[PDB]
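Residue numbers (the entry's author numbering), protein chains in the order written: chain U, 7 to 85; chain H, 7 to 85; chain N, 1 to 514; chain Z, 1 to 43; chain T, 1 to 84; chain W, 1 to 58; chain O, 1 to 227; chain P, 3 to 261; chain Y, 2 to 47. Using N, Cα and C, we set each Cβ at its ideal position, and we do this for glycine too.
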Amino acid sequence: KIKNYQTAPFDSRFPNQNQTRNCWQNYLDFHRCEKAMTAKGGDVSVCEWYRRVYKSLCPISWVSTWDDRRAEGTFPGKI
Amino acid sequence: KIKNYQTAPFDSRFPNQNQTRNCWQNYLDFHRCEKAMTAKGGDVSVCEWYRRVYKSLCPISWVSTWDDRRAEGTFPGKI
Amino acid sequence: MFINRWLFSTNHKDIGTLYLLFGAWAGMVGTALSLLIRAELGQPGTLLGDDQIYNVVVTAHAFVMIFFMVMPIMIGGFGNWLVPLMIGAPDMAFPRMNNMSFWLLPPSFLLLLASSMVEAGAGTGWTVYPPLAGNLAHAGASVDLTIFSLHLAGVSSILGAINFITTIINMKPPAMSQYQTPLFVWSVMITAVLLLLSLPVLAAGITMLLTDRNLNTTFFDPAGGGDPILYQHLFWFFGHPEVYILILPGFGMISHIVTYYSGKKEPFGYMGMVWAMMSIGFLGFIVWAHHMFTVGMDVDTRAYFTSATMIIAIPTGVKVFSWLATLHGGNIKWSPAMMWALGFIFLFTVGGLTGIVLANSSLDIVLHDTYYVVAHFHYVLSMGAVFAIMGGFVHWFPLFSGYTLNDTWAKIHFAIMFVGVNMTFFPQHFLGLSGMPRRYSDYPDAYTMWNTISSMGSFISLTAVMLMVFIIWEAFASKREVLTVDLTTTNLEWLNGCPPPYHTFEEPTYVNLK
Amino acid sequence: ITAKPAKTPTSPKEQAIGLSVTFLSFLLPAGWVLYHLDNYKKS
Amino acid sequence: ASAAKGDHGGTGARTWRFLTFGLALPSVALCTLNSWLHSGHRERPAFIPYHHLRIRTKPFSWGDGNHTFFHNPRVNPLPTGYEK
Amino acid sequence: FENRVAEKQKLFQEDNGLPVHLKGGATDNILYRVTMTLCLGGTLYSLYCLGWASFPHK
Amino acid sequence: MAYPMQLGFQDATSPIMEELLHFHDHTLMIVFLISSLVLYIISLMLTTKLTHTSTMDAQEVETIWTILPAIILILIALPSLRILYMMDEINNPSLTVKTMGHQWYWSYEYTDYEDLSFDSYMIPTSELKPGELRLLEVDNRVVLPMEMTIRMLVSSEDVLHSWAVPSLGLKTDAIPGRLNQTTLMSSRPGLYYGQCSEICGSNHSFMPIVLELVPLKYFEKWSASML
Amino acid sequence: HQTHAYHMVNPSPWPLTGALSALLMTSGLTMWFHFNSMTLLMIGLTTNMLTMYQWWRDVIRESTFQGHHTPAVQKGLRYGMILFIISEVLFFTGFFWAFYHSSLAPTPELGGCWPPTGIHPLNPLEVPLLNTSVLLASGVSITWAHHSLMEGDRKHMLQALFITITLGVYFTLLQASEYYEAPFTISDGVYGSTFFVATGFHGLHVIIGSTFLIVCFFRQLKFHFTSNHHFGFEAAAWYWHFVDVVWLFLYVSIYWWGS
Amino acid sequence: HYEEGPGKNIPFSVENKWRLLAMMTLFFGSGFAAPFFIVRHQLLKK
Ligand SMILES: CCCCCCCCCCCCCCCCCC(=O)OCC(COC(=O)CCCCCCCCCCCCCCCCC)OC(=O)CCCCCCCCCCCCCCCCC
Ligand code: HEA
Ligand code: HEA
Ligand SMILES: CCCCCC/C=C/CCCCCCCCCC(=O)O[C@H](COC(=O)CCCCCCCCCCCCCCC)COP(=O)(O)OC[C@@H](O)CO
Ligand SMILES: CCCCCC/C=C\CCCCCCCCCC(=O)O[C@H](COC(=O)CCCCCCCCCCCCCCC)COP(=O)(O)OC[C@@H](O)CO
Ligand SMILES: CCCCCCCCCCO[C@@H]1O[C@H](CO)[C@@H](O[C@H]2O[C@H](CO)[C@@H](O)[C@H](O)[C@H]2O)[C@H](O)[C@H]1O
Ligand SMILES: CCCCCCCCCCO[C@@H]1O[C@H](CO)[C@@H](O[C@H]2O[C@H](CO)[C@@H](O)[C@H](O)[C@H]2O)[C@H](O)[C@H]1O
Ligand SMILES: C[C@H](CCC(=O)O)[C@H]1CC[C@H]2[C@@H]3[C@H](O)C[C@@H]4C[C@H](O)CC[C@]4(C)[C@H]3C[C@H](O)[C@]12C
Ligand SMILES: C[C@H](CCC(=O)O)[C@H]1CC[C@H]2[C@@H]3[C@H](O)C[C@@H]4C[C@H](O)CC[C@]4(C)[C@H]3C[C@H](O)[C@]12C
Ligand code: CUA
Ligand SMILES: [O-][O-]
Ligand SMILES: [Cu+2]
Ligand SMILES: [Mg+2]
Ligand code: NA
Ligand code: NA
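This is the structure:
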């Protein structure tokens, strides 16, 4: 929808070797957006940028663990 | 999801006598949401809650000034 | 009387003798471990086992060499024997606490031994990084015994530091200022300040590892919000000062030996030597993260640590050139101690220079955790700290014992050791540049030739160690009693004869103020 | 340095004994363990 | 920088006793009153088995291995929640 | 209380050859022997525990 | 990879590794010079019967032995820091690949589009095919496009490891709970080897890295083949 | 036979018994953590207390009763105590470093925030503030005690020292109660880890410092101190101010800023 | 008081050079041998 996505671009908020927070922020951003587009009457397609970025950057086991905890009700970030 | 909106409810983020940041944050949130929707195609109607809250709380002259500065390119908050 | 004298001592000389005996015994243990290392690597394949037994050996090798051989010999041994004599003092400030610094060390060593006998040992590296050193990857008592071993060694050295600083500040003749005390006394004072400040941070860090392993803290465990990298900061905030602690008393001994056998009354540029040691001590506290250039730190931080590390070359070079300038114009006595000290100056310089190579964080990416680092620190330790130890031992053995060594045998010993250490460690530069990692029990086939040569060198150094033992025996066997030495006017520790009486300076020296 | 003549001089023969004993005391126990390495990795 | 007094003719025991009884112990008394006002127990919160809390990587060396050293049943839940 | 420091000064300066840790009299010897016996016995016991913990057990 | 009797660095496979080679040459020349001057001066001090044993004034000569080393240090630090900031520059990659360290093997994830992941284990010596390299081969190599800027993200699922490829100038520690980034660019196709570079237990010596660098079209063919 | 002023100490067994006590306490902690047994640890704690008791008893014999503490000897002990306190400051610095490291960069496991999700900190205006007033007050009362001693006033020295000790005990009982009431534990992630290990080592030093003050109290009851010579009292006061300053740093850092 | 002078300021006797040789051999030899026997212990344990 403004795509041709290849991989996550440089993000001036996360310019250093430690990219942990970049994965974390985009995972939060995707799921906050996805929740907003459900509870208020919209389309998750608007959330797609964050989805591609976090999927590109985040270890699969981090994503999997975070998803399990969101389902368990123990995810400690705010969504 | 469903209205019956009367006025802005108590917000634990802003529990004290100074409500300036409550007005400011809901103004930012509305216009951030708006920008996100208008781009990816979707509907500004999902932004409606923030619009009602900032309209309830914010002095007209603040909204008017902030709107002028966004049009001018001099709005100092991040949207 | 034997128990009163040797278990209940309050005498700086006897306590120094205990440290020297302890450190010599520890040197045998550390030498045996080093040979087991080089036997594993002496041909391609596996000799002993996988990396666990191998790295229990490596870990123990480093702890024994550093905490039980170098520091007890230099600081407990030469420091206790020489510092009071060199300032005319009748003993140390806290003569009874001094004995406890000594007797904490056999228990510390016993705890290290126990760590290697229970379970599968602590195969962690002497750095003991979590999570490998945590209770999932190193379950059981071994790592905890290692932590406790360090705690006791740490208390030993902290109390010893308090003793040396107090003695050196408070117990000089009233006319002697700090700028009239000998350079070896300065070197022990500065070493003691570094120990006082650095060991408590290590103690904090290893205590947090103990509680992560046993009380369900998560200082270093990301599941609790902890960070393995925090441990590394705490460890290296101690561990860089620690290598200056290992070399500074050596610098002080080298200054005395080079002065003496150049026939000089004084080292060249005394105040510059004091300045340089103080500068090295200070800069040694602000460079620790050069042990961490590959952990993911921001580029500006890597730049700062590159720069601050390299600046230590400036005061160190002042000392090297001042030793050369002390030789300059001397009536050179080619004694065995002089040979140790000359080998020190050159080989310490090579090792310091490869340290400056590693300070460059860009090149350190490729050199970190390879044998280039191993080559760097064995040049400053096996050919610096150890050469200063051997030079001071041969130089002062007649003072401590009252007997002379056979100089020809001591020169042979130097010659064997010089060949052995250089054959052992010089090829390790090639192994490092070409990418052989540290802490490996086996290596890709291309690395065979230099590992084979390095292991052959390690056996030559073994022959030197064995010969030393024989040389010490021969001296005590023949009983040539010292009569006089030269240069006593600028070497006060000799002026009460060999060995000095149990109590010296009961009547203090007379020193006036003109 | 100057020194009195040796109180109990150690002849070249005595030195050969002391040297040999010293070297053997290092070599024989380690040698025995290393010789039997295979015997250990199988028990 | 906020204080407001005088005192220094020359300092001694009488002055430090004056400070002890006239300032220091009254401050303790007042903080003791403040504390014995805001005492009384907060509404204990719903249990959520967060994975960064109630850490258990090895059993504690006392009791059943699963209770902290100063465990308070009223306010310290176990990894499985509050006790009965 | 009364100041009896002078009588302790006389006791601990008595020329009887005793080291300071024993100069208080027979109580000192008892406390020393208790301390040293616990230390040496405890140390022997720690060595037994090493031997036990050094081999697969339990 | 290293070869028998090698003395120096593996041949550079990336531009940054070439820069490091030239910087090492520069610094090693200085190391050799200073080492040899100190050795020479030692021999000079020791080879004359002339003596001078009275007090010598030190002030003048210590200006020279502080200023000259200071200048040398600056001449090392200038190119050293240039290369440092070069490595750090924004480069926008066309591909992100993750690697996770384990006891004792590496896994790889290519999740830009497809959700591809696999494990990469050392080939035991008893299984090497003839002519393959002891301790260095893996069953599944890191297939990558040559001549392109690649973002590698490194972490661990257990203890510390470190992901290294010496001929690309790469070594990035693998730390659980942390996602470390490095940039990879190979000038050439081929096979590029490295080894775990943080002690990690029993088989630290035996969990190598093998990159397989191929043209983009061949990388795309390989990716497409994994659907 | 000496004509210097320094102290040649009688040969002593307490260094050896102290070092053996360290062996027994550490191997005893190992036995407690890994082989379900407190026996060695209890022996080590007992021999450590016996060692400290007899060693410092002998220092009192050597000084109050035998006269070996000349001004030069006293000056050495002043340096020794300052250096010891410095080493203890650096020990605490390591725990503050851990605290700021974790709290300034909270990881995703915490919620990416500080305090972590699910942590409910104590109110720093309740018992922690009271504890702060208690230790500050005790710094005032110990200064009154010091001046009374210097002015030769036995009664007010004893009163002021007793008040100082009472406040140290009050702090310790308040902290024990706060530990019991705290809804978070040492196992509650890095928040609980930094909180309990740092304030716990501090509480240990309060108990040590209070014990030292109690030793001084009984030595004062026995007239050991002169109005000019009382270094054990000075050392205990320095150590007590150190304990007070560490508390202030804990209060501002962990209880207040980290809440 | 204690004995003083060469060979008297040490916790071991040098009165007889062959007894001394045995002592020094046991002393340094035991330290050098210990790591080999610990390695054998770990190898034999399991
Ligand atoms: C006492 C003896 C004991 C026996 C043990 C050995 C002792 C060490 C003595 C050995 C005598 C050393 C003399 C200089 C050695 C340089 C060897 C070399 O070719 O090095 C090459 C480089 C990398 O080079 C390359 O990438 C390309 C190499 C190929 C060039 C093209 C020619 C192709 C054929 C190559 C033929 C070989 C060339 C050598 C040409 C030879 C030129 C000298 O490797 C390196 O960086 C390794 C550098 C290690 C860092 C320390 C350097 C400062 C030491 C100066 C004093 C030495 C102290 C020795 C330690 C003390 C020594 C006394
Ligand atoms: C005696 C011990 C000792 C000493 C003195 C030193 C001294 C120095 N060390 Fe080293 N070092 C160790 C023991 C020591 N080191 C150990 C044990 C490790 C590894 C720990 C581990 O991982 O286990 C290590 C690791 C280590 C690293 C980490 C490498 C890695 O792990 O990737 C670095 C990086 O900067 C470093 C640098 C230096 C420097 C710059 C000096 C400088 O102080 C040297 C200064 C001296 C000179 C420069 C030579 C004399 C000077 C002149 C003749 C003047 C002219 C010279 C110039 C102008 C350059 N050392
Ligand atoms: C003081 C420190 C010191 C000394 C002297 C040595 C000495 C030696 N070391 Fe040491 N080594 C370390 C400290 C030291 N080492 C450290 C810190 C590490 C890293 C550990 C880790 O990675 O965690 C290490 C790692 C290390 C490795 C790498 C292991 C690996 O990465 O897998 C190797 C391999 O060859 C090695 C070999 C040797 C050899 C052959 C010697 C030989 O030169 C030894 C020869 C013998 C002597 C030098 C004699 C010693 C005895 C005395 C001086 C007593 C004299 C007696 C009297 C005066 C009475 N060492
Ligand atoms: C429930 C009970 C739990 C107990 C657990 C054990 C802990 C308790 C330790 C408490 C410390 C008590 C110290 C008592 C010292 C008494 C001896 C003394 O004070 O000795 C004085 C000298 O001081 C000196 O040695 C100065 C000596 C300084 C000693 C400092 C002690 C601090 C110890 C800290 C150790 C633990 C570290 C924490 C772990 C991380 C004697 O000199 P004066 O006073 O001038 O007298 C002479 C005049 O009379 C002449 O006119
Ligand atoms: C994990 C578990 C680890 C357990 C480890 C336990 C380790 C050791 C067991 C310790 C047993 C201690 C027994 C009492 C020691 C008292 C020493 C003391 O008080 O030493 C004094 C000097 O130190 C001074 O003052 C300076 C002030 C006194 C210093 C007292 C320090 C005690 C040691 C505590 C550990 C400190 C670690 C610090 C850093 C974290 C007196 O020195 P002396 O030479 O005696 O006399 C001199 C005569 O002139 C006195 O009349
Ligand atoms: C890395 C440091 C180690 C250095 C290397 C030591 C150098 C060699 C020392 C000699 O050691 C001896 O070698 C014998 C073999 O020559 C062994 O006898 C063994 O072999 C004999 C012949 O096969 C048998 O008669 C014996 O029973 C059997 O014990 C013996 O045990 C061992 O003590
Ligand atoms: C330098 C010192 C290093 C020390 C490191 C280890 C410290 C603790 C070692 C363990 O001590 C042993 O542990 C057993 C287990 O807790 C005890 O009970 C044991 O007693 C009998 C021994 O078989 C049986 O009843 C049981 O197996 C068992 O409970 C046994 O008495 C005791 O000595
Ligand atoms: C390494 C240490 C952080 C340790 C931590 O993670 O616990 C941090 C804390 C403060 C930092 C320093 C301060 O930020 C000040 C400097 C800032 C410069 O950009 C780098 C050097 C500089 C000197 C920093 C180096 C390094 O990153 C420091 C020392
Ligand atoms: C001033 C001080 C002591 C002089 C004295 O009182 O004897 C001397 C001793 C060592 C000297 C320093 C060293 O010689 C090293 C540097 C030499 C340079 O020539 C000047 C700065 C330099 C850093 C010197 C400054 C100053 O002259 C020092 C610090
Ligand atoms: Cu994985 Cu080393
Ligand atoms: O540490 O160099
Ligand atoms: Cu360093
Ligand atoms: Mg590393
Ligand atoms: Na091998
Ligand atoms: Na006073």
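Residue i: contacting residues in chain W (beta-carbon distance under 9 Å)
i         : result
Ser-14(P) : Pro-19, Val-20 and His-21
Within chain T, partners of residue i - CB distance below 8 Å
i         : result
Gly-79(U) : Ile-48
Chain-ordered neighbours of residue i on chain U, where CB pairs are closer than 7 Å
i          : result
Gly-296(N) : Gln-23 and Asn-24
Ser-155(O) : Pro-65
Alpha-carbon spacing of residue i relative to residue j, whole angstroms
i          : j          : result
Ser-11(Z)  : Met-25(Y)  : 19 Å
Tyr-181(P) : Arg-56(T)  : 19 Å
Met-176(N) : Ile-73(N)  : 27 Å
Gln-6(O)   : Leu-431(N) : 8 Å
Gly-69(P)  : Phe-393(N) : 39 Å
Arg-480(N) : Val-15(Y)  : 13 Å
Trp-99(P)  : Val-128(N) : 19 Å
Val-142(O) : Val-210(O) : 6 Å
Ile-74(O)  : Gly-317(N) : 15 Å
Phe-18(T)  : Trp-36(T)  : 26 Å
Under 8 Å by beta carbon: chain N residues contacting residue i
i         : result
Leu-21(Y) : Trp-473, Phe-476 and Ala-477
Proximal residues of chain P, C-beta to C-beta of residue i below 7 Å
i              : result
residue 523(N) : In the structure displayed, chain N extends from 1 to 514; residue 523(N) sits before or after that span and is not available.
Candidates the options, of which the one nearest residue i by Cα
i          : options                                       : result
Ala-46(T)  : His-122(P), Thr-134(P) and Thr-53(P)          : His-122(P)
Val-465(N) : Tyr-35(Z), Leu-24(Z) and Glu-14(Z)            : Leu-24(Z)
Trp-68(U)  : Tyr-11(U), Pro-15(U), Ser-18(U) and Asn-28(U) : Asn-28(U)
Contact set between residue i and chain P, taken where Cβ atoms lie within less than 8 Å
i          : result
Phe-148(N) : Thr-28, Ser-29, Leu-31 and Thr-32
Please name the residues in the stretch 35–47 of chain P whose beta-carbon is closer than 7 Å to at least one beta-carbon of chain N, in chain order. Here the close residues are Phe-35 and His-36.
Quick one, which residues of the stretch 36–65 of chain H are near chain U if we go by CB-CB under 9 Å, in chain order? Taking 9 Å as the Cβ-Cβ cut-off against chain U, the residues of the stretch 36–65 of chain H that qualify are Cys-39, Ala-42, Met-43, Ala-45, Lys-46, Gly-47, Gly-48, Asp-49, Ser-51, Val-52, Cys-53, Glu-54 and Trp-55.
Under 7 Å, CB to CB, which of the residues in the stretch 63–96 of chain O have a partner in chain U? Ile-90, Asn-92, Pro-93, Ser-94, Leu-95 and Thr-96
If you measure from each CB to the nearest heavy atom of ligand 8 and keep those under 5 Å, what residues do you get, in chain order? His-233(N), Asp-300(N), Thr-301(N), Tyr-304(N) and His-103(P)
So if I measure from each beta-carbon to every heavy atom of ligand 10 and keep distances below 6 Å, which residues remain? That gives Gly-101(O), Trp-104(O), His-161(O), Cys-196(O), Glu-198(O), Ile-199(O), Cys-200(O), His-204(O) and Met-207(O).
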